Amino acid sequence: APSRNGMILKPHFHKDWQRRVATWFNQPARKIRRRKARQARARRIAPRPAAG
Amino acid sequence: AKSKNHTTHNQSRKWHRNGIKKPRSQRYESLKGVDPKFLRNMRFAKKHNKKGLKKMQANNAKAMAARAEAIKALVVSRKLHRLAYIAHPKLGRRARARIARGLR
Amino acid sequence: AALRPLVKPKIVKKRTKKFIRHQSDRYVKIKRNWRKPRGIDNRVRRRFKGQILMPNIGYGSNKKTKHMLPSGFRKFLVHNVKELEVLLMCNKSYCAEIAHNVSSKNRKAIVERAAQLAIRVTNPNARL
Amino acid sequence: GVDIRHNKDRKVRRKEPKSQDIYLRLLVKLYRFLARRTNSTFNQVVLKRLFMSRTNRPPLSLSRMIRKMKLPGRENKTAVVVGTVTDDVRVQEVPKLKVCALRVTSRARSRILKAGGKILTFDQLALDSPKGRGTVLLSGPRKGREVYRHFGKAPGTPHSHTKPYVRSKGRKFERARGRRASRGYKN
Amino acid sequence: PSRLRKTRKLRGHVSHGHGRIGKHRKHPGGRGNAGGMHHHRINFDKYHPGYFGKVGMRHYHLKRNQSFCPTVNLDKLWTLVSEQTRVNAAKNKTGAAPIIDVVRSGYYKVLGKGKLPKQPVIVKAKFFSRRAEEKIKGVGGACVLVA
RNA sequence: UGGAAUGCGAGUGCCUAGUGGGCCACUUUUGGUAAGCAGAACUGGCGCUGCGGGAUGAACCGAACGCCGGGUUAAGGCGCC
RNA sequence: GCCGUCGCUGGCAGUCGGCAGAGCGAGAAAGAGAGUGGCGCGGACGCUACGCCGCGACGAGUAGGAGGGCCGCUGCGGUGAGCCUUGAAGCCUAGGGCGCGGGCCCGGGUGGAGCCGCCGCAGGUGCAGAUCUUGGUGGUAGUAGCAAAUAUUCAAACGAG
Ligand SMILES: [Mg+2]
Ligand SMILES: [Mg+2]
Ligand SMILES: [Mg+2]
Ligand SMILES: [Mg+2]
Ligand SMILES: [Mg+2]
Ligand SMILES: [Mg+2]
Ligand SMILES: [Mg+2]
Ligand SMILES: [Mg+2]
Ligand SMILES: [Mg+2]
Ligand SMILES: [Mg+2]
Ligand SMILES: [Mg+2]
Ligand SMILES: [Mg+2]
Ligand SMILES: [Mg+2]
Ligand SMILES: [Mg+2]
Ligand SMILES: [Mg+2]
Ligand SMILES: [Mg+2]
Ligand SMILES: [Mg+2]
Ligand SMILES: [Mg+2]
Ligand SMILES: [Mg+2]
Ligand SMILES: [Mg+2]
Ligand SMILES: [Mg+2]
Ligand SMILES: [Mg+2]
Ligand SMILES: [Mg+2]
Ligand SMILES: [Mg+2]
Ligand SMILES: [Mg+2]
Ligand SMILES: [Mg+2]
Ligand SMILES: [Mg+2]
Ligand SMILES: [Mg+2]
């Protein structure tokens, strides 16, 4: 039931959304994986530009 | 399953819990509702009220200078009446001193 | 040789008995701690006659003699010797009560200090 | 018993600020002293405004402080504010102004000082003029907040120009029935 | 912080802040925006007027960047250039007029709302407004277009 | 001479729970033979409210409640309980 | 008389001391103002101003709301030169008390290794009920009962029986 005054907001939570939840607890654990493979690449190409 | 149909029992007391207040009487009430042709001409009157300004001062300052020759042409018992005068903090200062000196 | 207070006023208490909980007598699951009865048909919270009483704010103690033991002193938990010097300039109005855990080897050298400082201890013969 | 009603016994004014900062709780100490120990109803207004929430003391613009200090008569006075003095980039000339506010944004300190005005604080003001003689109290617009556009008569009501709460605004977001004289009605 | 919430003062009261007569049942009005036309009509008409129906033309493959046109008003037009460009034209005497390029700042259209300072300008912009161009002539200045 | 009396600080703004089964009484009152019945109006109550009285008692009479001492009452009472 | 709430948008930075002079309760808008001419070395308390002090009025309450909890539970960052095998947690207690209360502190006992006060932080945080869940135990009660199908008796042996 709507209250006195507010928005007509449509929440898109009518599917089983708790099953397909994606949490970013590995975001700091992948920034280090990317940076590590970025320096393994900047060491594999020795004098060539690091950006490509 | 018959239920009570209608009543006004508590209503005259809910109305007065926060009082019944007459509306907010302001000066300069709105001009919505007034007839168009009249309220169309009142706008033409205001739109041109400035057109007679330099002539309006010539009379306001006139009757204000004339305000000079206007105005510069005209220009319970004796006991408790004397005690209520000695007992005045300001007016009785000297009737009080006249008594203080009295005992010398 | 009792350590008298500064002034010993008359202590008056508006009620002495505890405030037992409604129906803490018919049952053992209902402890004596007070719980304001909130039931609809309850006879205690309607303040009927001859029933249990309720802790109003009217029973409050005189602020002049609130928290004041029958020895005319207020109180203070003391966990070690160092917490007495905190109390040495409140000597004639507050007392010390060595904690329950302070062993007897320290509690002896606490009552020892409080004797010099003239601070009164409520449990000076505690453990021994 | 007495037949009074305690509906309104508790006046709801602010006895003290709700913030816990100590550079405000010291100003409120100094001005609570001036407020009670002087007979100037200026300090009482400054004190009563130091309590007010961040939405009741709004920001001032440099331009609104210009046009409120250009009014004839009030020259060589100190413009007191209790909120903050924000900049107003749509003004080109700035005179010299003696000002006293709680905050002055880092681009309004520039303009005022390059003009040649002073920027006092509330303690400097309290030392300059304790009773607050020579001052001009100001306060920014309070109905400026976008919040005050949804307040009033509810929308969908004859002559209620109140803004509704809508997810987005567009062709097909509350434009169909209670607005068109065609589709249904309009107010 | 649960220790600050309202369910910590609601321990011991039977209905937990929700009513003895009318309980706190699950959905006693339907779920969501249900009954927008039947039993929540006073609310969908007192507070969301115009929520029901169609209006206007559809536009299937709308791309929000064909209609990109951010505007800047004349009042804050002089804020796009540095300060030693507006005052250098004050101290200037050879009548030179600084070129304010707007599409370089990030606006396409120039609307004329504010007053202007009395000095010439050359406003390069993509779209101009009638009044924005008249307030520029009336001060002396040119409205360059840039495709 | 702030243009009757008496009284009293007012005005305004957001956010908002619970409620949307009611019942009783004086007086007026509709249906019904009537009902501790069904239905309205005004005010006061009970509900949400103890206390003294009515032996007893939701609603009657008095009177509304912080915890206490003295004094005096209301409505009811004063052979004995 | 005492407690509390509300109001006075009350009072107190003036503890202005031998660099002193101790006042702002009194019916009457405003200075115990300036200048310009006719011995003995002395004086309680206070003020965590989120504190302290003074005045009046007030004090019902379901559903509901709000505040204040130096009420309580478990962990986290700090901090108590914290407490503890000279005895921690837990539990018991006709012992002493505090607080209107939630609750708390001491004494005695038991126990054998961990625990708490404060300032903040966090929450799976407080039970009398839900024909609640799991476990334990009572009155009933030494009671109902040990009753379908005919039947047992004597002597001896083994054996503590
Ligand atoms: Mg609701
Ligand atoms: Mg809302
Ligand atoms: Mg009904
Ligand atoms: Mg019942
Ligand atoms: Mg009831
Ligand atoms: Mg009373
Ligand atoms: Mg009340
Ligand atoms: Mg209220
Ligand atoms: Mg309640
Ligand atoms: Mg329920
Ligand atoms: Mg609620
Ligand atoms: Mg409901
Ligand atoms: Mg719900
Ligand atoms: Mg229908
Ligand atoms: Mg119902
Ligand atoms: Mg009836
Ligand atoms: Mg009926
Ligand atoms: Mg009910
Ligand atoms: Mg009521
Ligand atoms: Mg009653
Ligand atoms: Mg009878
Ligand atoms: Mg009496
Ligand atoms: Mg009798
Ligand atoms: Mg109350
Ligand atoms: Mg026991
Ligand atoms: Mg947990
Ligand atoms: Mg249980
Ligand atoms: Mg048997």
# chains A, B, ... in the order shown; residues from 1 in each chain; ligands from 1
>>> residues_near_ligand(ligand="ligand 4", cutoff="12 Å", atoms="only C-alpha atoms (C1' of nucleotides) and all ligand atoms", output="mmCIF file with N, CA, C and O atoms, in the first residue's frame")
data_model
loop_
_atom_site.group_PDB
_atom_site.id
_atom_site.type_symbol
_atom_site.label_atom_id
_atom_site.label_comp_id
_atom_site.auth_asym_id
_atom_site.auth_seq_id
_atom_site.Cartn_x
_atom_site.Cartn_y
_atom_site.Cartn_z
ATOM 1 N N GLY C 39 -0.366 -6.215 29.920
ATOM 2 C CA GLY C 39 -1.526 -6.923 29.423
ATOM 3 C C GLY C 39 -2.792 -6.095 29.513
ATOM 4 O O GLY C 39 -2.903 -5.149 30.292
ATOM 5 N N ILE C 40 -3.773 -6.467 28.691
ATOM 6 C CA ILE C 40 -5.001 -5.681 28.604
ATOM 7 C C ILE C 40 -5.775 -5.752 29.918
ATOM 8 O O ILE C 40 -6.009 -4.730 30.573
ATOM 9 N N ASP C 41 -6.176 -6.956 30.327
ATOM 10 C CA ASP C 41 -7.032 -7.121 31.494
ATOM 11 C C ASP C 41 -6.255 -7.146 32.800
ATOM 12 O O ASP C 41 -6.811 -7.555 33.825
ATOM 13 N N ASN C 42 -4.997 -6.718 32.797
ATOM 14 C CA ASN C 42 -4.169 -6.861 33.984
ATOM 15 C C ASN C 42 -4.691 -5.976 35.106
ATOM 16 O O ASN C 42 -5.108 -4.839 34.878
ATOM 17 N N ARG C 43 -4.664 -6.505 36.325
ATOM 18 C CA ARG C 43 -5.164 -5.789 37.487
ATOM 19 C C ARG C 43 -4.091 -4.969 38.190
ATOM 20 O O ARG C 43 -4.430 -4.112 39.012
#
>>> residues_near_ligand(ligand="ligand 25", cutoff="12 Å", atoms="only C-alpha atoms (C1' of nucleotides) and all ligand atoms", output="number ranges by chain")
C: 28, 31-32; G: 92-94
>>> residues_near_ligand(ligand="ligand 7", cutoff="10 Å", atoms="only C-alpha atoms (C1' of nucleotides) and all ligand atoms", output="ChimeraX atom specification")
/D:4-7 /G:59-61
>>> residues_near_ligand(ligand="ligand 13", cutoff="9 Å", atoms="only C-alpha atoms (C1' of nucleotides) and all ligand atoms", output="NGL selection string")
:E and (24-28)
>>> atom_distance(atom1="atom 1 (Mg, counted along the ligand's line) of ligand 22", atom2="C1' of residue 69 in chain F")
8.4 Å
>>> residues_near_ligand(ligand="ligand 21", cutoff="10 Å", atoms="only C-alpha atoms (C1' of nucleotides) and all ligand atoms", output="ChimeraX atom specification")
/F:54-57
>>> write_last_selection(atoms="N, CA, C and O atoms (P, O5', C5', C4', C3', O3' and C1' of nucleotides)", output="PDB file, in the first residue's frame")
ATOM      1  P     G F  54     -22.193   2.276  50.336  1.00  0.00           P
ATOM      2  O5'   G F  54     -23.111   2.162  49.041  1.00  0.00           O
ATOM      3  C5'   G F  54     -24.174   3.080  48.830  1.00  0.00           C
ATOM      4  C4'   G F  54     -24.916   2.790  47.551  1.00  0.00           C
ATOM      5  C3'   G F  54     -25.076   1.330  47.179  1.00  0.00           C
ATOM      6  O3'   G F  54     -26.054   0.666  47.961  1.00  0.00           O
ATOM      7  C1'   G F  54     -24.524   2.589  45.260  1.00  0.00           C
ATOM      8  P     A F  55     -26.156  -0.936  47.941  1.00  0.00           P
ATOM      9  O5'   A F  55     -24.662  -1.407  48.220  1.00  0.00           O
ATOM     10  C5'   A F  55     -24.106  -1.320  49.525  1.00  0.00           C
ATOM     11  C4'   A F  55     -23.254  -2.520  49.847  1.00  0.00           C
ATOM     12  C3'   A F  55     -22.472  -3.097  48.670  1.00  0.00           C
ATOM     13  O3'   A F  55     -21.218  -2.466  48.484  1.00  0.00           O
ATOM     14  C1'   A F  55     -23.677  -4.826  49.723  1.00  0.00           C
ATOM     15  P     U F  56     -20.407  -2.684  47.117  1.00  0.00           P
ATOM     16  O5'   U F  56     -20.090  -4.245  47.140  1.00  0.00           O
ATOM     17  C5'   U F  56     -19.288  -4.849  46.138  1.00  0.00           C
ATOM     18  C4'   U F  56     -20.022  -5.946  45.410  1.00  0.00           C
ATOM     19  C3'   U F  56     -20.156  -5.784  43.908  1.00  0.00           C
ATOM     20  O3'   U F  56     -18.983  -6.185  43.226  1.00  0.00           O
ATOM     21  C1'   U F  56     -22.199  -6.577  44.862  1.00  0.00           C
ATOM     22  P     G F  57     -17.986  -5.093  42.598  1.00  0.00           P
ATOM     23  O5'   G F  57     -18.579  -4.818  41.150  1.00  0.00           O
ATOM     24  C5'   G F  57     -18.671  -5.868  40.197  1.00  0.00           C
ATOM     25  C4'   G F  57     -19.665  -5.549  39.114  1.00  0.00           C
ATOM     26  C3'   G F  57     -19.311  -4.338  38.255  1.00  0.00           C
ATOM     27  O3'   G F  57     -19.724  -4.560  36.910  1.00  0.00           O
ATOM     28  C1'   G F  57     -21.355  -3.934  39.395  1.00  0.00           C
TER      29        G F  57
END
>>> residues_near_ligand(ligand="ligand 11", cutoff="9 Å", atoms="only C-alpha atoms (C1' of nucleotides) and all ligand atoms", output="ChimeraX atom specification")
/E:16-19 /F:17-18 /G:64-65
>>> select_by_dssp(residues="chain E", states="helix (DSSP H, G or I)", output="ChimeraX atom specification")
/E:2-4,41-46,83-91,130-137
>>> interface_residues(of="chain E", to="chain C", cutoff="9 Å", atoms="only C-alpha atoms", output="JSON, numbers by chain")
{"E": [12, 13, 14]}
>>> write_last_selection(atoms="C-alpha atoms", output="PDB file, in the first residue's frame")
ATOM      1  CA  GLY E  12       8.318  -6.072  26.026  1.00  0.00           C
ATOM      2  CA  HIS E  13       5.331  -4.497  24.261  1.00  0.00           C
ATOM      3  CA  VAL E  14       3.191  -7.228  22.781  1.00  0.00           C
TER       4      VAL E  14
END
>>> residues_near_ligand(ligand="ligand 28", cutoff="12 Å", atoms="only C-alpha atoms (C1' of nucleotides) and all ligand atoms", output="PDB file with N, CA and C atoms (P, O5', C5', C4', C3', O3' and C1' of nucleotides), in the first residue's frame")
ATOM      1  P     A G 141      -4.351 -42.090  41.830  1.00  0.00           P
ATOM      2  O5'   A G 141      -2.930 -42.213  42.541  1.00  0.00           O
ATOM      3  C5'   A G 141      -2.703 -43.207  43.532  1.00  0.00           C
ATOM      4  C4'   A G 141      -1.295 -43.746  43.507  1.00  0.00           C
ATOM      5  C3'   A G 141      -0.193 -42.776  43.943  1.00  0.00           C
ATOM      6  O3'   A G 141       0.815 -43.512  44.628  1.00  0.00           O
ATOM      7  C1'   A G 141       0.269 -43.556  41.784  1.00  0.00           C
ATOM      8  P     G G 142       1.288 -43.103  46.108  1.00  0.00           P
ATOM      9  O5'   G G 142       2.045 -44.412  46.603  1.00  0.00           O
ATOM     10  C5'   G G 142       1.292 -45.588  46.872  1.00  0.00           C
ATOM     11  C4'   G G 142       1.070 -46.406  45.624  1.00  0.00           C
ATOM     12  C3'   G G 142       0.698 -47.870  45.855  1.00  0.00           C
ATOM     13  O3'   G G 142      -0.115 -48.301  44.768  1.00  0.00           O
ATOM     14  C1'   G G 142       2.685 -47.781  44.634  1.00  0.00           C
ATOM     15  P     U G 143      -0.988 -49.643  44.868  1.00  0.00           P
ATOM     16  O5'   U G 143      -2.388 -49.222  44.233  1.00  0.00           O
ATOM     17  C5'   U G 143      -2.987 -47.976  44.561  1.00  0.00           C
ATOM     18  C4'   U G 143      -3.640 -47.328  43.366  1.00  0.00           C
ATOM     19  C3'   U G 143      -4.052 -48.279  42.252  1.00  0.00           C
ATOM     20  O3'   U G 143      -5.318 -48.868  42.491  1.00  0.00           O
ATOM     21  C1'   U G 143      -2.912 -46.402  41.347  1.00  0.00           C
ATOM     22  P     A G 144      -5.724 -50.261  41.805  1.00  0.00           P
ATOM     23  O5'   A G 144      -5.736 -49.950  40.243  1.00  0.00           O
ATOM     24  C5'   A G 144      -6.922 -49.492  39.610  1.00  0.00           C
ATOM     25  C4'   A G 144      -6.711 -49.201  38.144  1.00  0.00           C
ATOM     26  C3'   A G 144      -6.563 -50.413  37.240  1.00  0.00           C
ATOM     27  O3'   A G 144      -7.814 -50.970  36.885  1.00  0.00           O
ATOM     28  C1'   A G 144      -4.921 -48.786  36.694  1.00  0.00           C
ATOM     29  P     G G 145      -8.240 -52.411  37.445  1.00  0.00           P
ATOM     30  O5'   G G 145      -7.044 -53.367  37.009  1.00  0.00           O
ATOM     31  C5'   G G 145      -6.961 -53.875  35.687  1.00  0.00           C
ATOM     32  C4'   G G 145      -5.563 -53.784  35.130  1.00  0.00           C
ATOM     33  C3'   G G 145      -4.768 -55.077  35.171  1.00  0.00           C
ATOM     34  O3'   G G 145      -5.095 -55.920  34.081  1.00  0.00           O
ATOM     35  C1'   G G 145      -3.419 -53.262  35.895  1.00  0.00           C
ATOM     36  P     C G 146      -5.212 -57.506  34.283  1.00  0.00           P
ATOM     37  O5'   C G 146      -3.702 -57.975  34.457  1.00  0.00           O
ATOM     38  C5'   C G 146      -2.842 -58.088  33.333  1.00  0.00           C
ATOM     39  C4'   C G 146      -1.486 -58.601  33.739  1.00  0.00           C
ATOM     40  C3'   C G 146      -1.505 -59.859  34.584  1.00  0.00           C
ATOM     41  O3'   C G 146      -1.690 -61.023  33.805  1.00  0.00           O
ATOM     42  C1'   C G 146       0.015 -58.304  35.502  1.00  0.00           C
TER      43        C G 146
END
>>> closest_residue(among="F:10, F:28, F:5, F:36", to="ligand 17", atoms="only C-alpha atoms (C1' of nucleotides) and all ligand atoms")
F:36
